[PDB]
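Any read-out appearing in this document is the output of simple, stated calculations on the displayed coordinates, not a laboratory observation. Ideal geometry is used to build each Cβ from the backbone, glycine not excepted, and the neighbour counts take in all protein chains shown.
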Amino acid sequence: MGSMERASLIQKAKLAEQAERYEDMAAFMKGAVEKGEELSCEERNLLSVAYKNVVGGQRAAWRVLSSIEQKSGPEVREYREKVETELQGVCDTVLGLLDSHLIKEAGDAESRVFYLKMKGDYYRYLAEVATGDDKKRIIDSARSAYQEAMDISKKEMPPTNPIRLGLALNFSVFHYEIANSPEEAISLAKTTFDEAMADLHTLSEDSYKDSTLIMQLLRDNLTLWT
Amino acid sequence: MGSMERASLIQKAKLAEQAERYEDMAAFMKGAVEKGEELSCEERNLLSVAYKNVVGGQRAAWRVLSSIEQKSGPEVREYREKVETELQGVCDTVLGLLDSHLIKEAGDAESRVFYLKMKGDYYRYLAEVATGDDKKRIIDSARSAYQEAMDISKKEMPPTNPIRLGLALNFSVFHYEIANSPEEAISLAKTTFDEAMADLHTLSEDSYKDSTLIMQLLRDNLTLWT
Amino acid sequence: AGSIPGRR
Amino acid sequence: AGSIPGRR
Ligand SMILES: *Cc1ccc(C(=O)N2CCC(CCO)CC2)cc1
Ligand SMILES: *Cc1ccc(C(=O)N2CCC(CCO)CC2)cc1
Ligand SMILES: [Ca+2]
Ligand SMILES: [Ca+2]
Ligand SMILES: [Cl-]
Ligand SMILES: [Cl-]
Ligand SMILES: [Cl-]
Ligand SMILES: [Cl-]
């Protein structure tokens, strides 16, 4: 996308979202990042939404095939390996964008927590399919990225901040689904929900809506886990 | 897909449908066709379902962008042209498979009507986006393919045959949406529905279900058109 | 105006 | 266990 203007890539990424063309959206936002310039708050959302959709469809297809494989020629394993390899390529692509050079140039808490949360998410997606000599190192890479984002968010963001809430939500899912730490998952979601509850009185009606929506997602997981 | 077995391509196309990986499904079935062997009834359905899904998502994205373009830099037109070109490539790919060499080797009425119906459908999809010196010739290519399939189906199939019913349904949509012939569309759907109604008494419970489902689609269009 | 639905 | 929903 080196020959297209930065503004045109952003413009076409928003059009791709409207058309539900998420692979195009990710390719447009990949080219926008590779222009070398930092991303605005809205542009960070476009990057996250694009790749979360692409990898989300890959994860759903991987789980369908892995379930058929476990119920059970080499066709099922070959095709699962095919989807798994393409999923790992997308995760590696996002992690490469964060490492070159989004994270090192993110100085504000809003941007740095956002990118480190992404880094934990896409290492978590790699962990969902890992079975070899790297599984433990991938899990620790996800934990380390989540933990740094947690440390900054607790120091620099109010308890009701949507990025802080979504970070704690996904980190709690990491504890439950990846790290085999359901008690850590329940404690984080509960502490996050309660501290956000006590901070709701400071918010406007629009910020109140933003925070309570994510707080309900934490409540949904707690109801499922307890 | 020249290095993969025919049976493995069919096997993986069914797995791709389960995983809702329709681009993979189409690529698998394209390789299966290019093995040179005729397709079974089930294999014909796999080919049709795969490309109908792929082009269906392209058509929906094209209509979103074309609507934004009509409401309105060159970004919207460029991206619409991009989706439009990729849609035309998929349609050309299916039409190439039918022409090389599915149709000429289809001797039975079930297979020949099925492929000619496909040929009319994918020329109709090309007609939906055509605006240049070929628009009329593309429309006539769709009409000619539909008409030959209609002639064979009336001679060789009972009025309740699902392929005959689906052919008349799509040909009626061609009359209404493409050929600017709504009266021809209403007459075909009505005559098709009534002649199938009079033939339902010959069917088993399972064939009764198959036919009445498509008959309701004809009824839905008639309710919309009258 | 509905054509034959694509998938199943 | 639900993570942050992808799209909007
Ligand atoms: C990490 C993260 C992402 C997004 C939010 C948020 O504000 N949400 C959840 C999804 C969102 C649509 C995608 O932007 C609408 C509300 C919080 C935390
Ligand atoms: C041209 C055509 C295709 C399919 C049918 C049919 O039997 N249908 C409609 C969709 C179908 C799922 C796809 O196979 C289920 C019932 C008729 C005519
Ligand atoms: Ca420039
Ligand atoms: Ca062989
Ligand atoms: Cl494969
Ligand atoms: Cl900076
Ligand atoms: Cl473009
Ligand atoms: Cl033959």
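Close Cβ contacts (under 8 Å, 6 or more residues apart or on different chains) running from residues in region B:22-38 that are surrounded by 19 or more Cβ atoms within 10 Å (Cβ to Cβ) to residues that are acidic (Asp, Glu) comprise B:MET25/B:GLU17; B:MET29/B:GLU43; B:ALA32/B:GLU43. Can you name the residue in region B:5-21 that is assigned to a helix (DSSP H, G or I) and within 15 Å of ligand 4 (Cβ to nearest atom) and is also surrounded by the fewest Cβ atoms within 10 Å (Cβ to Cβ) among such residues? So the residue we want is B:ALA7. Please verify whether B:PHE114 is under 19 Å from B:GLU38 (Cβ atoms) and within 12 Å of another protein chain (Cβ to nearest Cβ), treating the condition exactly as stated. Spelling it out, B:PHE114 is indeed under 19 Å from B:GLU38 (Cβ atoms) and within 12 Å of another protein chain (Cβ to nearest Cβ). On the stretch given as region B:78-121, residues that are farther than 15 Å from B:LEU47 by Cβ, within 16 Å of ligand 2 (Cβ to nearest atom) and outside any helix (DSSP H, G or I) total 1.
Taking residues in region A:77-102 that are under 22 Å from A:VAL113 (Cβ atoms), and partners anywhere that are among the β-branched types (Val, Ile, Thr) and buried (at least 20 other Cβ atoms within 10 Å of the Cβ), the pairs with Cβ atoms closer than 7 Å and at least 6 places apart or on different chains are A:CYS91/A:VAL55; A:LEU97/A:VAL33; A:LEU102/A:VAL33. One residue is enough: does region B:51-64 have a residue meeting the conditions among the small types (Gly, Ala, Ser) and farther than 21 Å from C:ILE4 by Cα? Within region B:51-64, none of the residues are among the small types (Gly, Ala, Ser) and farther than 21 Å from C:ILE4 by Cα. Within region A:32-62, which residues are part of a helix (DSSP H, G or I) and farther than 16 Å from A:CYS91 by Cα? Residues satisfying the conditions are A:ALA32, A:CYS41, A:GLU42, A:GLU43, A:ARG44, A:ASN45, A:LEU46. Comparison of A:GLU78, A:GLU84 shows that the only residue that is farther than 15 Å from A:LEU126 by Cα and away from chain D (no Cβ under 12 Å) is A:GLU78.
Can you spot a residue in region B:55-74 that is within 16 Å of ligand 8 (Cβ to nearest atom), away from chain C (no Cβ under 13 Å) and among the hydroxyl-bearing types (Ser, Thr, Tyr)? Within region B:55-74 (the criterion being within 16 Å of ligand 8 (Cβ to nearest atom), away from chain C (no Cβ under 13 Å) and among the hydroxyl-bearing types (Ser, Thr, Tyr)), the answer is no, since none of the residues qualifies. When you look at A:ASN180, is it within 14 Å of chain D (Cβ to nearest Cβ) and exposed (fewer than 14 other Cβ atoms within 10 Å of the Cβ), yes or no? The answer is yes for A:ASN180.
Residues considered: A:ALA189, A:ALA168, A:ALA185, A:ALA145. Of these, the only one that is in contact with a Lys or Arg (Cβ under 7 Å, 6 or more places away or on another chain), within 20 Å of A:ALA127 (Cβ to Cβ) and aliphatic (A, V, I, L, M) is A:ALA145. For region A:184-193, the condition holds for at least one residue, the condition being that it is crowded, with 21+ Cβ neighbours inside 10 Å, part of a helix (DSSP H, G or I), within 19 Å of the chain's Cα centre (by Cα) and facing another protein chain (nearest Cβ under 9 Å).
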